[PDB]
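Next up: a single chain in structure tokens, the form deposited in one PDB entry.
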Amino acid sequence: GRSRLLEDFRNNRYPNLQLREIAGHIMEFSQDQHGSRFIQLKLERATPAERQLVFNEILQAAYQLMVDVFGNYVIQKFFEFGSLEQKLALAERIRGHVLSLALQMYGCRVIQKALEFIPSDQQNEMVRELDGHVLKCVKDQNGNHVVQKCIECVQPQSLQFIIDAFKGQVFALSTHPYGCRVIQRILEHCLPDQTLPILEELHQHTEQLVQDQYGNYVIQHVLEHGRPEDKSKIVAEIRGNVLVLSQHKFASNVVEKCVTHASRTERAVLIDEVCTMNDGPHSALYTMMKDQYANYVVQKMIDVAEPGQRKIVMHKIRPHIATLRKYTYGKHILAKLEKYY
């Protein structure tokens, strides 16, 4: 299967082997764990001539290398370090194959790299081969990263077809493991006319989303980078449910984000809710201090509370200081209290 040259190379016979020396063996070396490695760490520092010599032998069979466990790395280097003309010729070897490559283990990595370095016209042509297959790519283990990459790299205007495809399925995709990722990229890079409908659906299913294994990340994303209007809507869903949600493995993280990113008024209201409300005989704050997840919310509340409110929180915590030591999680609250005594 291997040639004399590659054979002797594996056998560590050419410790000083150079690029020009493997002319006529590029494809063979490229599809070889050691060969590829060798080529990879030469193209970056090699000369334009050495790179063209390598390019000449991989252009025709480029697809073959793109979907190759070791070859995909060489093609990637050309997009990263190759010349404009080489990147363009590789982009043409990809034409008509975007979908199958995007769904490919190795191929999707080439597509992702190509999207970063080719011109907008080449990006738009690539993106368009995904037209009609958006959800399939989004739900694919390989394809979801190509979609994420398009959103990061391509002009928003050319991604309208991905937006049209998410309409009505935002809730479904936000609880999907790859989908929640694409939704976040959409919120960070797309246009107002595009993020608007996505946000409406996110607001409509906020209650379910905060508690979802994946949806909770999308809601936090909005609390951390969203417009104040959108943040307040999320906060108003949390209000009245601080106690119950802070005790939830998933929503607890969302109430922390609310505490941290709410407006001054909203923050005070959230903290007060658990400083006033009584959970049985003892306050809601006390039940929270003893919970495996809620204790984190209290600590965050102590951190962001205005000195006036922090004082109130400490006072509600005070009478319980000695009992807290007996609870697996209350203890952790004591630790936090050290920072303040």
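Superpose the two forms; the largest set of C-alphas matching within 1.5 Å is the rigid core. One-based numbering along the sequence shown.
Although it is not shown, the form deposited in another entry is what the next lines describe.
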Query raised in the report: Core aligned, does the CA of residue 278 move at least 2 Å between the shown form and the other one?
Result: yes
Report task. For residue 64, decide whether the Cα shift between the shown form and the other one is 2 Å or greater, given a superposition on the rigid core. Result -> no
Report task. Determine, after fitting the two forms on their core, whether residue 302 shows a C-alpha shift of 2 Å or more between the shown form and the other one. Result -> yes
